[PDB]
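Colleague: Can you keep this structure in mind? I'll have questions shortly.
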Amino acid sequence: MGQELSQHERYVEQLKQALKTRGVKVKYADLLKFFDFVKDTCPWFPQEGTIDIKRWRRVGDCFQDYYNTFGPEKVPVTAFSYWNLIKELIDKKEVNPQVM
């Protein structure tokens with residue numbers, strides 16, 4: 001909140017467009033809030049051969065369930081649906097590696 005413009009914000013914007021072409025309809029702020037959500041309760045970002053984003057949303061989906069019931073909608077469940085589109089996006093990439 002201290003800095004209006006940040007590298008993290010730009011990163012999301014890229015995902016917004018890229019994922020959008022995959023059939024994802026989410027707001028820029030929505031993704032930004034999610035990124036801050038994990039960073040707030042989870043300052044780590046472990047990576048593995050399998051869908052790395054899985055662990056990211058995994059924490060959100062869990063705490064999101066309780067937060068959703070409590071009231072904090074900061075991270076709407078709709079994230080899971082859009083996530084389905086990502087699963088296919090990353091999975092396809094894991095096939096036929098390409099270099100630019």
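So basically every Cβ, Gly included, is an ideal-geometry build from the backbone, and we count neighbours across all protein chains shown. Every read-out reported here was derived from the displayed coordinates using simple, explicitly stated rules and does not represent laboratory data.
Colleague: Over the alpha-carbon set of the chain, divide Rg by the Kirkwood Rh and report the Rg/Rh ratio to two decimals.
Modeller: When Rh is taken as the Kirkwood radius, the ratio is 0.97.
Colleague: Return 42, 62 ranked ascending by Cβ neighbour count within 10 Å, so the fewest neighbours appear first.
Modeller: Ordered from fewest to most neighbouring Cβ atoms within 10 Å, 42, 62 come out as 62, 42.
Colleague: Here is a further query. What's the angle, to the nearest 10 degrees (0 to 90), between helix 28-41's Cα axis and the longest principal axis of the chain?
Modeller: 70
Colleague: Now for a separate question. Picking from 34, 70, 80, which is most flexible by a Gaussian network model of the chain using Cα springs under 10 Å?
Modeller: Comparing 34, 70, 80 in a Gaussian network model of the chain, the most mobile one is 70.
Colleague: While we're looking at this one, here's another question. Give, rounded to the nearest 20 debye, the magnitude of the charge dipole that the chain has about its Cα centre when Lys and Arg contribute +1 at Cβ and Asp and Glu contribute -1 at Cβ.
Modeller: Taking the Cα centre of the chain as origin, the dipole is about 280 debye.
Colleague: On C-alpha positions alone, give me the angle between the axis of helix 7-20 and the longest principal axis of the chain, in degrees, nearest 10.
Modeller: 60
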